[PDB]
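Working notes for the structure below.
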Amino acid sequence: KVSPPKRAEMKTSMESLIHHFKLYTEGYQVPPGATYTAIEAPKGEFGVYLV
Amino acid sequence: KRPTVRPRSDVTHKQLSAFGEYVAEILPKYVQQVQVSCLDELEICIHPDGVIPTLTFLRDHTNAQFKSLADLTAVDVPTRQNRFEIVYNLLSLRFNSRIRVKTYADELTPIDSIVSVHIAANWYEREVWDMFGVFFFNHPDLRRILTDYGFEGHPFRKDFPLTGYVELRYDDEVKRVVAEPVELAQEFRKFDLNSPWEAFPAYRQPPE
Amino acid sequence: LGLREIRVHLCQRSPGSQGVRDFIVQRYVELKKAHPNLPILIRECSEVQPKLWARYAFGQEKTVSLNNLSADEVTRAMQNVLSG
Amino acid sequence: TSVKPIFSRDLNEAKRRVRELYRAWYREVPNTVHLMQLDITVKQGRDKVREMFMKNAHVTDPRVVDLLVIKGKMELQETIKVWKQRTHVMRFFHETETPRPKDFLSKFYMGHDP
Amino acid sequence: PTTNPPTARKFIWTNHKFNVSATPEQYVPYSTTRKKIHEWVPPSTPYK
Amino acid sequence: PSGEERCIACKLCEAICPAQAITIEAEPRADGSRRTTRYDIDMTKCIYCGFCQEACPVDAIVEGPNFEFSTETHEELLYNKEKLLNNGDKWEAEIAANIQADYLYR
Amino acid sequence: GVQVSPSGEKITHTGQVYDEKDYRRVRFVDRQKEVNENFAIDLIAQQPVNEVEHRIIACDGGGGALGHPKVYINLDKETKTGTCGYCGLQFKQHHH
Amino acid sequence: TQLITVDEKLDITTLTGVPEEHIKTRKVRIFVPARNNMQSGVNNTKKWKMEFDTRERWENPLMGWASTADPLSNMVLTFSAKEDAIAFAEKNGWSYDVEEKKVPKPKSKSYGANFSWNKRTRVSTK
Amino acid sequence: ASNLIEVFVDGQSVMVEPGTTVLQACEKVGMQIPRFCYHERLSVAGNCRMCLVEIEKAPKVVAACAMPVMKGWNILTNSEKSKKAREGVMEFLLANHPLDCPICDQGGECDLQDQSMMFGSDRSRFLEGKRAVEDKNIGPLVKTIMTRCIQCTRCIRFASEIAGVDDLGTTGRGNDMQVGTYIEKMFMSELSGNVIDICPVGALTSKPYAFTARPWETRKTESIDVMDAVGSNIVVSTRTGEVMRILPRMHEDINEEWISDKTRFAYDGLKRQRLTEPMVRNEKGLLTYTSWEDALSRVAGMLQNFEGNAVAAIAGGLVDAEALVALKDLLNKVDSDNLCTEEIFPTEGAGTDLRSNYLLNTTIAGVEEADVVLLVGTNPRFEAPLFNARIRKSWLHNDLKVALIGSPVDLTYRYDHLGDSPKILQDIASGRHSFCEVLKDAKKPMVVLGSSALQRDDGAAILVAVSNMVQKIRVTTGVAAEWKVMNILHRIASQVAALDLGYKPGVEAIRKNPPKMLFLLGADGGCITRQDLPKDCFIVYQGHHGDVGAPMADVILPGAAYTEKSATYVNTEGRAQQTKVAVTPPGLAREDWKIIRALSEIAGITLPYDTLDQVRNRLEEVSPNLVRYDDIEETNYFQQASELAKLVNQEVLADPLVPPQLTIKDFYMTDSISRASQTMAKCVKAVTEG
Ligand code: SF4
Ligand code: SF4
Ligand code: SF4
Ligand code: SF4
Ligand code: FES
Ligand SMILES: [K+]
Ligand SMILES: [Zn+2]
């Protein structure tokens, strides 16, 4: 429900095909909330404020 | 234990809750709400009049020492009276902590600039004004920083269209780069990528 | 000159259209007997003022506001429209 | 119906700020035409400034008038210090853009847009 | 592809073409769909 | 290998294309098959990210290893279904080998 | 197969061709309208019908994970072959 | 000393930067979107939406794409309340049409009605 | 809290009526329990088992779609037992469901996919082979790929209860249970695309819509259907400026959740036989393309040449109120009153003066509220399919008593056929009938007279006989004044708006005074032709399809369609609704009122409106209910209308009441769009030969 399944699993399994379809058309739903994630980039602190 | 779920530590949540109580009881004149997320992040929602005292207290208090402003931004939620939510993410290197301070504004009520508290707030508030139209009082030089010269409108607003209103092209009759009303050879195809089924029961709003 | 159409706009439940309602329920039938070729369009709505429209030959329209007019004076206004 | 002012308590000093901004634009127009090699005359630039002010002339809210003055001062600074180029200055005239006629028959002949 | 030749398919081009830009053999784009709206054809006989 | 097109007009590539560089129109074929009548990729709009080839459930759209296809006009980079099918017919001897060497990782 | 218009323009496998009076043939003037020669409908018509024994067959297009998603075709109608919805291969049940 | 009075319409059209055509000639629609009848899920009927009137989309001569000329063609705004959408539309100076929310009517459901002794609700199959 | 029980959803209290199910209580609280077989307008099936929820202090999960709440129940919708039950049921469905999602038309519209993503597991344990089912051929509208079917019996319940055909069902047993028809049968009634709607999987898809688009591609435009006078609220799905699909919209008071087959599938007629450019006659006499300036110049020159009575206009069926009022203003400015409609309504007595004389006064909710319904001279199944669907719904649930005067037609429910002669109206008015004793037993009668019955020569006599009968019924049953008995059922979308605006119904004025200039505002019924027109008659046809009126016209003006203009239409109830713009008119076609206003400006009598809102203001100042959108404001004065009708002194004919549409082949083509549709032609060929 977040990461796409393997291609063999997608081509052989119903749940994997459904999840592949929905992840590559709509994408996963992220629960509502805000965060600031900071990462030590080579040029400094690279931050993402995601809402 | 579970390999697919993030591990959760309760000590950070307890510490941030204690510090939120601390700041809220120190500044009851301006603090309107204090919350700690399940991602262990502390948010303090204050009145716009208390931006300067709150930021100054967080920077210069011995127990706070939030001497580094991580960033300053705005969120346009055009369904409330004060549509622009101004967000300050701050970093305390002394205590290895991060805090978030929120306030609100609309198109016609400017808020005080904190250039006298942090110097990065100069360019950050220039970006906020350029992208949302939130004016800042006592700014040393407030002007556009990312849009083109003479750009009309604030493009990070929700009601501003994605493609804008004008596009540039080189006209050979006037030998210049000129602005025209925007015409697209292919229109941006919007998609309705919303499942009609509720995904998160914990965030189910009560019916109106 | 030359009456072509009469339109009566009124309300179902309003004190201002009470005289118009009375005029319709006790005089519209004999009026239609008198002029069985003239369109007297009775239109009723919720939030409209009591109104009379007289449409004449080349698209001319005269508007008479009959708010808070009783049945006899609504009749007199109708007769003034019909005569001239 | 009671709001916090930005700069002006009422419309009078807001109009005073508008007059100051118009004065600054009126003084700056000949310098702009001399400095940037503009085809226009000084009369056309002042006419354009007056046209922009009269375009915004219908507002009666002191906060909106103050923000319009602030925006006008920002554009004035962008013209004083040469940051707007010749293209940016000549974008006010729309000389390459044909105007849509305001009559029903021409709008009917052109297309479906009202 | 002398010790390990590729799989042979009947639709694979038997003759490779290089970059044919700025040649008469170049690619010209076009809409590959047919007409969607069909206009009414007036009759060829007068009414009177 | 029969020669039938792999694409089944499912528009997953069009849905996942981050640049909206794919335009797809479709209708049932004369034999009732679900096939595209328009498959356009604006290579001036495409960002060459492979999301189409990793979202395709039947391995129809691929990014073959050709990179020396620079043109002299902007139009020639606006590919349609005929151009893409000709590219697939031209590069099938290499694309199939690359997919054979790669498909166990994906 | 590729057919030509009365204008002489090749008709694509989608049936698209410009009209005689269409001005958009000027994009092909002094150039070429390239048409894919191998028509997939004719190519899949050329395939022989696979004669299987079971009532329900499974198709994945061949190659396993290199093909299409694996589907099952029900060969109960004796008056019509079962066509795979992905690859277009036809199957028929052998009742002998 | 820090509170004045404004008895006006709260007009910000001169500040939004929208051209005059796309303010005066535009019509917006404020509505709860209808439930898509291909599905039974109702989570897309919770929020108010404001959209714009549809303008001309024509065919691109080169490629057949859907060319457009108005910028407010993909603009859909989400609001928590009808009066909030009203306030935003009046603030931005757009004429609006408001459609009242179509809540589905409560329905009396009885599984035992499928097996009625005398009424017509008795089913013939399951 | 009288006659209410308190129950709990996740500990939250809610008061519900007795008989409320667990699912209904949870949706009253605000959460939607997963479902596949439950539909709010179908009967309760209870077989898909997706709605299994945990009740607190109860060991067994219950089916929320069928189990009613008792008292003080705590419904744990998100408990571990409920989540495990949903995962198990989803696994059981997807075990045999086929891997068809890329080649399936239910792409982003799949309840199975969405509920799998929200409630099922993320992987499969099914290591066996799947089942496969041969497809069926129930018709050229519904495409069946029955391998995707999850045996939820929604189509079976719909066809049994709403369509009323009893042709679908389950044959077999166990894992081999197959939905469909046992024999090779063509399932073709009206309201048959709603199985395409309510099938949650892509087992029953739309054949005209096959493989064309995806729901995330399709933009949604909420509009109104004009193929009949019900006024069903619809969604036009348009992708890249092209109409792709028509879906219904939920409106409880008009069409509920469904639309007719003509409404759903006649949209492809908007892509054929379309007028795109203005046309004028040559010197040879053939229609050739010209410019708007030239065409409007010719029409304006002839219009200012001709005087009042010599100019006349005839309105068709797919005409908006804005164009009707614009043409009325134009002809009034040249002093013409011959603004007629193709559909005939009796002008004797009240005529169109009293609005209750030509309206469905009881309305569709009143059909739900009535106890006896007498249908006179109409076949509602084909004239107004959603109105007849509401009659069948009331017949099922409220035990409605239905009687019919007219030819005996299959209404998909059992009625009492009183006969076809119109003298039975006189018999019932006299009070000598078995239906008279039924009516005096009844309490809230409804008498629905067909506009098709009014189309006859003795239409005025039939209308006054029905009015006399309704007056006798009211004085013999003692009904309340709030209850409306007399109702007129229209089949023309433009007719009610035209009668409100003051058009004289029928072309009798045209036949009395043959005009020298004629406007055909979408008039394609052929009621007036050049045989009964004078020889040198100048005809201008303003419309979107060239069917019957365009070839006989000297000038052709291409107007818009209901999917192309924002327009006003009034349904049989008198409710006014507006269609929004979905696409733009093709070619040089324009909006109809704009065409009339431009013609007026060229002719030199400029109409006092330039924009759509100003035309709506003109509509309001003519009759101010065409701006009260979705308003059902009541009319009165039936006593006055009945007194005038009593003083009408015409006599009914001996001809039996025969509706024009006796079978579904007569149903499928009624207007220009239906006649231009290839899908409707396929439907006609299927119900005629196949
Ligand atoms: S590689 Fe190009 S065409 Fe494919 S998804 Fe990415 S941007 Fe789109
Ligand atoms: S190329 Fe692949 S992903 Fe794109 S529509 Fe065709 S089958 Fe679907
Ligand atoms: S019905 Fe749903 S789950 Fe089944 S193949 Fe179609 S999209 Fe997939
Ligand atoms: S065909 Fe569709 S509606 Fe009918 S039982 Fe199967 S899944 Fe349900
Ligand atoms: S929804 Fe209750 S069992 Fe199907
Ligand atoms: K379906
Ligand atoms: Zn296959």
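Just so we're on the same page: first chain in the structure tokens is A, next is B, and so on; residues restart at 1 for each chain, and ligands are numbered from 1 in the order they show up.
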Could you list, as a ChimeraX atom specification, all the residues within 7 Å of ligand 3, counting only C-alpha atoms and all ligand atoms?
/A:18 /I:97-101,104-108,110-113,148,201-203
Produce a file of the selected residues containing N, CA, C and O atoms, as a PDB file, in the first residue's frame.
ATOM      1  N   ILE A  18      -3.760  -4.894  -8.176  1.00  0.00           N
ATOM      2  CA  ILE A  18      -4.596  -3.796  -7.701  1.00  0.00           C
ATOM      3  C   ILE A  18      -3.741  -2.714  -7.060  1.00  0.00           C
ATOM      4  O   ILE A  18      -3.920  -1.518  -7.323  1.00  0.00           O
TER       5      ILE A  18
ATOM      6  N   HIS I  97     -11.075 -13.314  -8.379  1.00  0.00           N
ATOM      7  CA  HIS I  97     -11.190 -12.178  -9.283  1.00  0.00           C
ATOM      8  C   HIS I  97     -10.063 -12.196 -10.318  1.00  0.00           C
ATOM      9  O   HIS I  97      -8.914 -12.488  -9.978  1.00  0.00           O
ATOM     10  N   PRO I  98     -10.358 -11.899 -11.581  1.00  0.00           N
ATOM     11  CA  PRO I  98      -9.326 -11.954 -12.617  1.00  0.00           C
ATOM     12  C   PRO I  98      -8.444 -10.719 -12.646  1.00  0.00           C
ATOM     13  O   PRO I  98      -8.878  -9.601 -12.370  1.00  0.00           O
ATOM     14  N   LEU I  99      -7.183 -10.936 -13.021  1.00  0.00           N
ATOM     15  CA  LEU I  99      -6.189  -9.867 -13.112  1.00  0.00           C
ATOM     16  C   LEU I  99      -6.418  -9.074 -14.392  1.00  0.00           C
ATOM     17  O   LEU I  99      -5.668  -9.165 -15.365  1.00  0.00           O
ATOM     18  N   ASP I 100      -7.468  -8.258 -14.385  1.00  0.00           N
ATOM     19  CA  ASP I 100      -7.885  -7.554 -15.589  1.00  0.00           C
ATOM     20  C   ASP I 100      -7.827  -6.041 -15.460  1.00  0.00           C
ATOM     21  O   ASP I 100      -8.316  -5.355 -16.361  1.00  0.00           O
ATOM     22  N   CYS I 101      -7.234  -5.511 -14.387  1.00  0.00           N
ATOM     23  CA  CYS I 101      -7.338  -4.081 -14.091  1.00  0.00           C
ATOM     24  C   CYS I 101      -6.851  -3.152 -15.203  1.00  0.00           C
ATOM     25  O   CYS I 101      -7.536  -2.146 -15.450  1.00  0.00           O
ATOM     26  N   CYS I 104      -9.630  -3.135 -18.017  1.00  0.00           N
ATOM     27  CA  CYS I 104     -10.967  -3.062 -17.456  1.00  0.00           C
ATOM     28  C   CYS I 104     -11.422  -1.613 -17.391  1.00  0.00           C
ATOM     29  O   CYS I 104     -10.660  -0.733 -16.983  1.00  0.00           O
ATOM     30  N   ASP I 105     -12.670  -1.370 -17.791  1.00  0.00           N
ATOM     31  CA  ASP I 105     -13.185  -0.007 -17.821  1.00  0.00           C
ATOM     32  C   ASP I 105     -13.444   0.555 -16.435  1.00  0.00           C
ATOM     33  O   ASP I 105     -13.642   1.766 -16.300  1.00  0.00           O
ATOM     34  N   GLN I 106     -13.447  -0.281 -15.406  1.00  0.00           N
ATOM     35  CA  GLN I 106     -13.616   0.198 -14.039  1.00  0.00           C
ATOM     36  C   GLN I 106     -12.269   0.571 -13.426  1.00  0.00           C
ATOM     37  O   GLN I 106     -11.929   0.139 -12.337  1.00  0.00           O
ATOM     38  N   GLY I 107     -11.501   1.402 -14.125  1.00  0.00           N
ATOM     39  CA  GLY I 107     -10.113   1.653 -13.785  1.00  0.00           C
ATOM     40  C   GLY I 107      -9.867   2.342 -12.462  1.00  0.00           C
ATOM     41  O   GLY I 107      -9.320   1.737 -11.545  1.00  0.00           O
ATOM     42  N   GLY I 108     -10.240   3.605 -12.346  1.00  0.00           N
ATOM     43  CA  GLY I 108     -10.205   4.270 -11.066  1.00  0.00           C
ATOM     44  C   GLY I 108     -11.552   4.344 -10.403  1.00  0.00           C
ATOM     45  O   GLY I 108     -11.671   4.936  -9.328  1.00  0.00           O
ATOM     46  N   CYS I 110     -13.356   1.719  -9.344  1.00  0.00           N
ATOM     47  CA  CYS I 110     -13.615   0.369  -8.874  1.00  0.00           C
ATOM     48  C   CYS I 110     -13.787   0.365  -7.365  1.00  0.00           C
ATOM     49  O   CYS I 110     -12.844   0.664  -6.624  1.00  0.00           O
ATOM     50  N   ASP I 111     -14.992   0.006  -6.921  1.00  0.00           N
ATOM     51  CA  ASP I 111     -15.229  -0.195  -5.500  1.00  0.00           C
ATOM     52  C   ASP I 111     -14.386  -1.338  -4.967  1.00  0.00           C
ATOM     53  O   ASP I 111     -13.899  -1.276  -3.836  1.00  0.00           O
ATOM     54  N   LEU I 112     -14.192  -2.385  -5.772  1.00  0.00           N
ATOM     55  CA  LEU I 112     -13.375  -3.513  -5.340  1.00  0.00           C
ATOM     56  C   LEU I 112     -11.928  -3.093  -5.125  1.00  0.00           C
ATOM     57  O   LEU I 112     -11.329  -3.415  -4.096  1.00  0.00           O
ATOM     58  N   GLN I 113     -11.370  -2.324  -6.061  1.00  0.00           N
ATOM     59  CA  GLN I 113     -10.000  -1.839  -5.913  1.00  0.00           C
ATOM     60  C   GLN I 113      -9.863  -0.897  -4.727  1.00  0.00           C
ATOM     61  O   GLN I 113      -8.924  -1.021  -3.932  1.00  0.00           O
ATOM     62  N   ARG I 148     -15.240 -11.100 -14.130  1.00  0.00           N
ATOM     63  CA  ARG I 148     -15.041 -10.113 -13.082  1.00  0.00           C
ATOM     64  C   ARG I 148     -16.182 -10.066 -12.078  1.00  0.00           C
ATOM     65  O   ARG I 148     -16.049  -9.387 -11.058  1.00  0.00           O
ATOM     66  N   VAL I 201     -17.887  -3.997  -9.753  1.00  0.00           N
ATOM     67  CA  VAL I 201     -16.792  -4.452 -10.589  1.00  0.00           C
ATOM     68  C   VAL I 201     -17.085  -4.069 -12.031  1.00  0.00           C
ATOM     69  O   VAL I 201     -18.177  -3.588 -12.342  1.00  0.00           O
ATOM     70  N   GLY I 202     -16.114  -4.259 -12.915  1.00  0.00           N
ATOM     71  CA  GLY I 202     -16.338  -4.009 -14.324  1.00  0.00           C
ATOM     72  C   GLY I 202     -16.925  -5.190 -15.070  1.00  0.00           C
ATOM     73  O   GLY I 202     -16.546  -5.456 -16.211  1.00  0.00           O
ATOM     74  N   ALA I 203     -17.841  -5.919 -14.431  1.00  0.00           N
ATOM     75  CA  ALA I 203     -18.488  -7.039 -15.103  1.00  0.00           C
ATOM     76  C   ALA I 203     -19.512  -6.554 -16.116  1.00  0.00           C
ATOM     77  O   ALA I 203     -19.590  -7.084 -17.228  1.00  0.00           O
TER      78      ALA I 203
END
Could you tell me, as JSON, numbers by chain, which residues of region 45-90 of chain G DSSP assigns to helix (DSSP H, G or I) when given the backbone?
{"G": [45, 64, 65, 66]}
Filtering to N, CA, C and O atoms, could you give me those residues as a PDB file, in the first residue's frame?
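Dumped to out-v2.pdb:
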ATOM      1  N   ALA G  45      -3.964 -11.604 -36.535  1.00  0.00           N
ATOM      2  CA  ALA G  45      -4.835 -12.462 -37.326  1.00  0.00           C
ATOM      3  C   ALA G  45      -4.062 -13.623 -37.932  1.00  0.00           C
ATOM      4  O   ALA G  45      -4.629 -14.700 -38.145  1.00  0.00           O
ATOM      5  N   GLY G  64       6.821 -15.722 -19.192  1.00  0.00           N
ATOM      6  CA  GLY G  64       6.599 -15.617 -17.764  1.00  0.00           C
ATOM      7  C   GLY G  64       6.415 -14.193 -17.289  1.00  0.00           C
ATOM      8  O   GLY G  64       5.413 -13.549 -17.609  1.00  0.00           O
ATOM      9  N   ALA G  65       7.385 -13.688 -16.528  1.00  0.00           N
ATOM     10  CA  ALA G  65       7.312 -12.327 -16.016  1.00  0.00           C
ATOM     11  C   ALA G  65       7.567 -11.280 -17.090  1.00  0.00           C
ATOM     12  O   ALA G  65       7.370 -10.091 -16.826  1.00  0.00           O
ATOM     13  N   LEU G  66       8.004 -11.687 -18.277  1.00  0.00           N
ATOM     14  CA  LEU G  66       8.207 -10.769 -19.383  1.00  0.00           C
ATOM     15  C   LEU G  66       6.942 -10.515 -20.185  1.00  0.00           C
ATOM     16  O   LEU G  66       6.947  -9.643 -21.058  1.00  0.00           O
TER      17      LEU G  66
END
All residues 9 Å or closer to residue 14 (chain F), only C-alpha atoms, same chain fewer than 5 positions away omitted, as a list in words
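Returned residues: residues 25 of chain A; 20, 21, 22, 23, 24 and 52 of chain F.
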Protein and nucleic residues near ligand 7, 6 Å, only C-alpha atoms and all ligand atoms, as a tab-separated table (two decimals) with N, CA, C and O atoms, in the first residue's frame:
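Below is the file that was written, selection.tsv:
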chain	number	residue	atom	x	y	z
G	59	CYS	N	-3.25	-17.79	-19.89
G	59	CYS	CA	-2.35	-17.09	-20.79
G	59	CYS	C	-1.61	-16.00	-20.03
G	59	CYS	O	-2.21	-15.28	-19.22
G	60	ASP	N	-0.32	-15.89	-20.30
G	60	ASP	CA	0.50	-14.79	-19.79
G	60	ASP	C	1.31	-14.14	-20.89
G	60	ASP	O	2.18	-13.31	-20.60
G	61	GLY	N	1.06	-14.50	-22.15
G	61	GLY	CA	1.78	-13.94	-23.27
G	61	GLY	C	3.13	-14.56	-23.54
G	61	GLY	O	3.81	-14.13	-24.48
G	84	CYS	N	-7.39	-14.08	-25.67
G	84	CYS	CA	-6.77	-13.42	-24.53
G	84	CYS	C	-6.92	-11.91	-24.67
G	84	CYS	O	-6.60	-11.34	-25.71
G	86	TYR	N	-5.30	-9.51	-23.38
G	86	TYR	CA	-4.06	-8.75	-23.46
G	86	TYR	C	-3.34	-8.97	-24.78
G	86	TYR	O	-3.12	-8.03	-25.54
G	87	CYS	N	-2.97	-10.22	-25.06
G	87	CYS	CA	-2.06	-10.52	-26.16
G	87	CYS	C	-2.78	-10.88	-27.45
G	87	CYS	O	-2.12	-10.94	-28.50
G	89	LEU	N	-3.99	-13.70	-28.46
G	89	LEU	CA	-3.91	-15.09	-28.89
G	89	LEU	C	-5.24	-15.79	-28.71
G	89	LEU	O	-5.96	-15.55	-27.74
Please compute the CA of residue 574 (chain I)-CA of residue 14 (chain C) distance, one decimal, in Å.
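So the two atoms, CA of residue 574 (chain I) and CA of residue 14 (chain C), lie 20.8 Å apart.
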Got a sec to pull out which chain G residues are within 8 Å of chain A, counting only C-alpha atoms, and send them as a PyMOL selection string?
chain G and resi 65+68-70
How would the residues just picked look written out with C-alpha atoms as a PDB file, in the first residue's frame?
ATOM      1  CA  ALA G  65       7.312 -12.327 -16.016  1.00  0.00           C
ATOM      2  CA  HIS G  68       1.291  -9.742 -19.553  1.00  0.00           C
ATOM      3  CA  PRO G  69      -0.578 -10.463 -16.297  1.00  0.00           C
ATOM      4  CA  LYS G  70      -1.723 -14.063 -16.164  1.00  0.00           C
TER       5      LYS G  70
END
Using only C-alpha atoms, pick whichever of C:60, C:27, C:16, C:36 has the shortest atom-to-atom distance to residue 78 (chain C).
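Closest to residue 78 (chain C) of all the choices is C:27.
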When you look at residue 94 (chain H) with a cut-off of 12 Å (counting only C-alpha atoms), what residues show up, excluding the ones that are within fewer than 6 positions of it in the same chain? I need them as a count of residues only.
24
Any residue with an atom at most 7 Å from ligand 5 counts, using only C-alpha atoms and all ligand atoms. Which are they? Put them as number ranges by chain.
I: 34-38, 45-52, 63-66
Could you pull out the residues sitting within 7 Å of ligand 4, using only C-alpha atoms and all ligand atoms, and write them as a list in words?
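The residues within 7 Å of ligand 4, counting only C-alpha atoms and all ligand atoms, are residues 37, 146, 149, 150, 151, 152, 153, 154, 155, 156, 179, 195, 198, 199, 200, 201, 203 and 204 of chain I.
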Give the answer as one residue: which of I:419, I:432, I:566, I:212 has the shortest atom-to-atom distance to ligand 2, using only C-alpha atoms and all ligand atoms?
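Of I:419, I:432, I:566, I:212, the one nearest ligand 2 is I:212, counting only C-alpha atoms and all ligand atoms.
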Residues within 7 Å of ligand 2, counting only C-alpha atoms and all ligand atoms: report them as a list in words.
residues 6, 7, 8, 9, 10, 11, 12, 13, 14, 52, 55, 56, 57, 58, 59, 60 and 61 of chain F; 102 of chain I
Pick out the closest residue to ligand 6 from this set: I:596, I:145, I:314, I:402. Count only C-alpha atoms and all ligand atoms.
I:145
Fewer than 3 positions away in the same chain doesn't count, so skip those; otherwise give me all residues within 9 Å of region 28-42 of chain D, counting only C-alpha atoms, as number ranges by chain.
D: 23-25, 45-47, 49, 76, 79-80, 82, 85-86, 89-90
